[PDB]
Number of protein chains: 2
Amino acid sequence: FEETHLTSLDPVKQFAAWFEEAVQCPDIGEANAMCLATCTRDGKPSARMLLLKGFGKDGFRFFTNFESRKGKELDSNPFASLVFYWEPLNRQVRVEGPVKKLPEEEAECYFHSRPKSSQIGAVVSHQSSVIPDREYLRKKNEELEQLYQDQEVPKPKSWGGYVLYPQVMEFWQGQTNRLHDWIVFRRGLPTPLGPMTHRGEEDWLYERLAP
Amino acid sequence: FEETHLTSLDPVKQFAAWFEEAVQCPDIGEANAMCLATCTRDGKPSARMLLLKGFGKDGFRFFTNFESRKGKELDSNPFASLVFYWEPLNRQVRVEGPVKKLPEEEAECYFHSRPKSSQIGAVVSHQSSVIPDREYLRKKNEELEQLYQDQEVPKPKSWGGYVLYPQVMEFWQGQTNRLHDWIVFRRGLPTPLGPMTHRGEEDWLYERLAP
Ligand SMILES: Cc1cc2nc3c(=O)[nH]c(=O)nc-3n(C[C@H](O)[C@H](O)[C@H](O)COP(=O)(O)O)c2cc1C
Ligand SMILES: Cc1cc2nc3c(=O)[nH]c(=O)nc-3n(C[C@H](O)[C@H](O)[C@H](O)COP(=O)(O)O)c2cc1C
Ligand SMILES: Cc1ncc(COP(=O)(O)O)c(C=O)c1O
Ligand SMILES: Cc1ncc(COP(=O)(O)O)c(C=O)c1O
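Cut-off values and rules
Residues numbered from 1 in each chain as written, not as in the entry; some residues may be left out. Chains lettered and ligands numbered in written order. Heavy atoms only, no water. Near = heavy atom within 4 Å. Polar contact = N/O pair within 3.5 Å; in protein donor to acceptor, adjacent residues only side chain to side chain. Areas by Shrake-Rupley, 256 points an atom, 1.4 Å probe, with all protein chains shown as cover. Nonpolar A, V, L, I, M, F, W, Y, C, P; charged D, E, K, R; others polar. Helix = DSSP H or I, 4+ residues; strand = E, 2+ residues; numbered from the N terminus. Contact = heavy atoms within 4.5 Å. Buried area = accessible area lost by both parts, 1.4 Å probe. Salt bridge = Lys/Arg side-chain N within 4 Å of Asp/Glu carboxyl O. Buried < 20%, exposed > 50% of the residue type's maximum accessible area, 1.4 Å probe, protein only.

Caption draft 1: Spotlight on the site of ligand 4. Ligand 4 sits among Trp172, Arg178 and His180 of chain A together with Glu30, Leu51, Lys53, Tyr110, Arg114, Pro115 and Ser118 of chain B. This site is not confined to one chain, since residues near ligand 4 come from chains A and B. Side-chain polar atom of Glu30 of chain B to an oxygen atom of ligand 4: 3.0 Å apart, as the coordinates give it. The contact in question runs from an oxygen atom of ligand 4 to an N or O atom on the side chain of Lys53 of chain B, over 3.1 Å. Relative to its unbound accessible area of 410 Å², ligand 4 is 62% covered by the protein chains. Here the shell around ligand 4 is composed, by residue class, of four nonpolar, two polar and four charged.

Caption draft 2: Fine view of the environment of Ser68 of chain B. All names here are of chain B. Among the secondary structure elements, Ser68 is positioned in the loop between β3 (60-65) and α2 (69-75). Distance from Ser68 to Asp27, taken between C-alpha atoms, is 31 Å for residues 41 residues apart in sequence. If sequence neighbours within four positions are ignored, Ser68 has contacts with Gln127 and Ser128. At 3.2 Å, the side chain of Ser68 forms a polar contact with the side chain of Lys70.

Caption draft 3: Main features of the interface of chain B and chain A. Taken together, the contact between chain B and chain A spans 58 residues of the former and 58 residues of the latter. Between chain B and chain A the total buried area reaches about 4900 Å² when both faces are included, carbon and sulfur atoms providing 58% of it. Where chain B touches chain A, the interface holds four salt bridges. With a shortest N-O distance of 2.6 Å, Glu96 of chain B and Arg69 of chain A are connected by a salt bridge. Run the count over chain B and chain A and you get 26 residue pairs in polar contact. Split by residue class, the side of chain B that touches chain A holds 23 nonpolar, 18 polar and 17 charged.

Caption draft 4: Looking closely at the pattern of salt bridges. Across all of its chains, the model carries 26 salt bridges over all chains by this definition. Taking the shortest distance from any N to any O, the salt bridge between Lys155 of chain B and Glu104 of chain B comes out at 3.4 Å. Of the two residues, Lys155 of chain B sits in the loop between α5 (134-147) and β7 (159-164) while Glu104 of chain B sits in helix α3 (residues 104-111), which places them 51 residues apart along the sequence. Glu202 of chain B is the partner of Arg187 of chain B in a salt bridge, and the nearest nitrogen-oxygen pair spans 3.5 Å. In this structure, a network of salt bridges that share partners links the residues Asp10, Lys57, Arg187, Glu202 and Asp203 of chain A.

Caption draft 5: Spotlight on unusual backbone geometry. Positive phi outside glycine occurs at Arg178 of chain A, with the angle close to 75°. As for its placement among the helices and strands, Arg178 of chain A is situated in the loop between β8 (168-173) and β9 (181-187). Using a relative accessible area of 39% as the deciding quantity, one classes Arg178 of chain A as partly exposed. Here the phi dihedral of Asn90 of chain B falls at roughly 60°; this positive angle occurs in a residue that is not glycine. Mapped onto the fold, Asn90 of chain B is located in the loop between β4 (79-86) and β5 (91-101). Owing to a relative accessible area of 37%, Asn90 of chain B belongs among the partly exposed residues under this scheme.

The following block contains the structure:
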């Protein structure tokens, strides 16, 4: 089938190829940078930049302080959305799915893998809490350094990670002539579908949408 | 007051200075590019890249098709969030507030100001609708071109814009040493506040948060 213009009928394997091309682009510094959208049960959205830390069949992984705004929103409403935008390539990737907090064990393993300065940073910074000035931090940070000198920084109880499980993945490719390519993968049932709806690996269904 | 490190105690005037420095950066192509987060009344978030089209005291303006997913979510739940990320500067700006659809008249004025090709593009592209292949569009687009040759492209009824009214604005500045600067402006009452809470212009209140 002279196909669409994709590399894989697997949304995650497609993200991979696009992600690698981004990593290999000199003009993109943080290719794993993504904007995470979350909201309260009520319907009040929020969004902030984040770094994607590992991905695959299980989903997209990221870490934060469970007590940060995003944490308190994901825990009281396990639904999130991700947006990857790589301007140099004019590409955008959107991921929608339910979030599942990670196992404290894995978080721990990943935590101690970070640079000591990043670990210490996660302890002084009671993320999302109010403070007096930028020095307050420079100070605490300094103190905890001498404290944990030749020591293991314990992973804050409230520090961990989540993994988004891909329910909907979109691929956008800006074109010069404005007729942007746009394919949406979504997991449907009808194991019996639209004329323009096509079969993707697993229970994946894709189709092109008007830009 | 040897102040924080800002340019204005006005969140919008602060965004301005940061926005201008971005526009003047050779490494940032789309400085007005932002990720818009929205959700259903239920609490299901979504997010996609967008271009900021004008801003000020009234708020942040952007245009889309009212019948696109984002439209149907903003209309049934007038709350949105914006994220501006300028990696070359390691800066992030977050805007939270209620959305108000724009006057069809202004949309019209703005619509006809766009390049004809962009206007025609908004008519062939029944944004968010399913289609067969990329040619379907190349075709419609071509046909509407000869149609509107030496003619005014009417603004689609379902085409318009919204304006976010700044209820919460955040400024993030990544630092090398990881002790990122982060100030949050929010409109409060107590016209009588925290020790680390400071007065911003109007009914604006700001404070620094642990990164
Ligand atoms: C490029 C970039 C990457 C970031 N990565 C993370 C991250 O992995 N985890 C995190 O908690 N915050 C990260 N942040 C900071 C968040 O955007 C945010 O300021 C913080 O998590 C608090 O948001 P919240 O109050 O919505 O929870 C990053 C910021 C930038 C600009
Ligand atoms: C850099 C960039 C700028 C964009 N600007 C807009 C815009 O101003 N309005 C719009 O409707 N879509 C814009 N889009 C496309 C949206 O991200 C999205 O694909 C489209 O609006 C449909 O999203 P929705 O289905 O959530 O409504 C832009 C995409 C990129 C990558
Ligand atoms: C808020 C924040 N924390 C941490 C990091 C990087 O830390 P790590 O050593 O875990 O990759 C970044 C990188 O941009 C960041 O923006
Ligand atoms: C989806 C989309 N529409 C339109 C535009 C630009 O159109 P305009 O001439 O209104 O600035 C862009 C620019 O990136 C875009 O991504």
